[PDB]
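Convention: sequence-line order gives letters A, B, ...; per-chain numbering from 1. Any value given below was found using the heavy atoms of this structure, including those in side chains, with hydrogens, waters and symmetry copies removed.
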Amino acid sequence: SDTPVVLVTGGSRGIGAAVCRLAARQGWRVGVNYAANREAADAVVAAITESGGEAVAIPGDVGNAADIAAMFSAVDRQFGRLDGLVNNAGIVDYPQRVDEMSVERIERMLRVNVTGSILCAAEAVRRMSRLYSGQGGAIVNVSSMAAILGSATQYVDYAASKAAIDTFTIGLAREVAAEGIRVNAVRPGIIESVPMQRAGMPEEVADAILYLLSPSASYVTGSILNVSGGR
Amino acid sequence: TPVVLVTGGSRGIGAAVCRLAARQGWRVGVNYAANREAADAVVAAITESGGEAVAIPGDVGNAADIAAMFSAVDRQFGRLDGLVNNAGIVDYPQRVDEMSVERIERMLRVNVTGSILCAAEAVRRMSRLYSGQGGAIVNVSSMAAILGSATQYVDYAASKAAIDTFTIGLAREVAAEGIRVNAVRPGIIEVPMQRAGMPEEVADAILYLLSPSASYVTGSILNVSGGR
């Protein structure tokens with residue numbers, strides 16, 4: 001009731017699942033969003049509830065604007081409030097040169113990674129803003145070291161899409177800082193040329209995301225934290 | 001004689017780039033997205049000065065228009081040495097929580113996909129992978145990519161940061177094939193210097209990046225902002 005609520009998009013696997021589990025362990029109620037596979041989601045919900053946590057599976061593909069509104073509606077119905085958003089759902093594609101990419105590929109990359117995250121952030125701002133009788137909240141977007149490195153000969157489209165998330169983070173953060181919403185991002189590197197000599201674990205990305213979501217980051221907004229082992 | 005296609009060449013920075021490129025000895029394709037009259041006037045002023053230019057229709061936000069814009073270049077001039085990705089849109093100032101999906105989708109299709117598809121066409125012609133002889137691409141970004149455009153068009157800012165990283169990644173992708181790719185970030189165009197920039201000053205930077213005096217510069221993004 002007075003327990004804060006986080007929606008995690010793409011919460012069924014990998015980083016998103018590690019975020020959901022960690023958030024519940026730190027006392028959040030968790031909206032576990034999945035786009036295609038209800039069983040995978042129910043398994044994350046199960047690990048949380050088994051552990052004494054609170055979570056609900058929420059269906060919706062962030063590449064679909066109608067689904068976004070519905071997923072936020074389901075949050076309203078199930079929990080009554082919204083205190084955090086983790087924009088983790090997104091896609092990569094198979095390696096291609098730019099001069100081989102179809103318009104359909106690029107359009108989807110931008111729709112899912114950029115528009116999906118902007119629309120989810122908008123829904124969260126409408127609910128958490130002190131301008132609208134909210135009590136403030138936090139958003140963490142998931143970017144990628146690709147935003148810095150460029151992904152040459154693999155998916156420059158993906159890298160561009162994540163750079164758009166970096167500046168979306170910076171501009172939204174300055175836009176809604178006074179209204180009690182913090183907005184930050186993380187840039188995961190290689191997650192299961194890296195100075196630490198290994199891939200990172202999804203749990204290590206989650207640790208950073210929950211930090212930036214938490215009240216121990218009360219003066220942090222508009223920041224983008226690399227989680228990349230030095231890459 | 002080198003050839004440059006300038007997208008959105010009708011007005012503003014794009015028309016300044018066309019005029020200066022012709023003054024510096026380039027043949028110029030002056031692309032226009034809708035009504036042709038302003039592009040025709042840019043062409044006539046180039047023509048009457050003794051330059052060579054043609055007005056080429058095509059909206060970069062329509063993927064179906066892009067191939068024919070580059071074919072027109074091919075037929076008119078028989079080669080392509082430069083591309084300036086200048087076509088772009090802004091929208092009316094709104095908060096992110098006020099924007100429609102239509103607005104966001106269109107900002108990305110025009111400013112990002114449009115520039116990516118035009119660069120692909122240029123790469124297909126210029127790359128030494130396909131017997132081209134190399135070339136240069138300049139993308140037009142904006143200081144918004146750094147500053148965020150809070151309360152006005154965060155969406156536009158995100159679209160131009162996308163351009164920044166597109167510039168970096170594509171540069172690295174085609175560097176060995178004889179193609180250079182750079183961007184400019186214009187600030188307030190007609191501030192520490194206490195004045196807006198002129199279109200011509202942005203054109204000056206873009207021509208520099210398209211020139212052989214930038215032969216080791218690729219993957220760089222040059223601010224043209226008066227200190228902003």
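- Residue contact with chain B, scored on non-hydrogen atoms closer than 4.5 Å, involves the side chain of A:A65 exclusively.
- Here B:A203 pairs with B:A16, B:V17, B:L20 under the side chain to side chain contact (heavy atoms under 4.5 Å, CB included) rule; sequence neighbours left out.
- Contacts between A:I181 and chain B at a heavy-atom distance below 4.5 Å are absent for every atom of the residue.
- In this structure, B:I116 CD1 and A:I106 CD1 are separated by 5.0 Å, a value rounded to the nearest 0.5 Å.
- When heavy atoms are compared at a cutoff of 4.5 Å, A:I165 does not approach chain B at all.
- Per-residue counts of heavy-atom pairs under 4.5 Å with chain B were compared for A:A122, A:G150, A:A164; the largest is that of A:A164.
- Interface residue A:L119: only side-chain heavy atoms are found under 4.5 Å from chain B.
- Interface remark: of the candidates B:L108, B:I168, B:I66, B:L108 forms the most heavy-atom pairs closer than 4.5 Å to chain A.
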Using distance alone, with no hydrogens and no angle check, list the donor-acceptor pairs under 3.5 Å between chain B and chain A.
residue	atom	partner	partner atom	Å
B:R95	NH1	A:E179	OE2	2.8
B:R95	NH2	A:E179	OE1	2.9
B:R95	NH2	A:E179	OE2	3.4
B:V96	N	A:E175	OE2	2.7
B:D97	O	A:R126	NE	3.3
B:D97	O	A:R126	NH2	3.1
B:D97	OD2	A:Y132	OH	2.5
B:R124	NH1	A:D99	O	3.0
B:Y130	OH	A:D99	OD2	2.5
B:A145	O	A:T167	OG1	2.7
B:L147	O	A:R174	NH1	2.9
B:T151	N	A:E175	OE1	2.6
B:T165	OG1	A:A147	O	2.7
B:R172	NH1	A:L149	O	3.0
B:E173	OE1	A:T153	N	2.7
B:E173	OE2	A:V98	N	2.7
B:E177	OE1	A:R97	NH2	2.8
B:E177	OE2	A:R97	NH1	2.7
B:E177	OE2	A:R97	NH2	3.4

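- Smallest separation of non-hydrogen atoms from B:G169 and A:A152: O-CB, 3.4 Å.
- Proximity to chain A (any heavy atom under 4.5 Å) is shown, for B:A119, by neither the backbone nor the side chain.
- Within the structure, the ring pair (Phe, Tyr, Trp, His ring centres under 6.0 Å) test picks out no pair touching residues 161-196 of chain A (sequence neighbours left out).
- Comparing A:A173, A:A159, A:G222 by how many heavy-atom pairs each has under 4.5 Å with chain B, the most go to A:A159.
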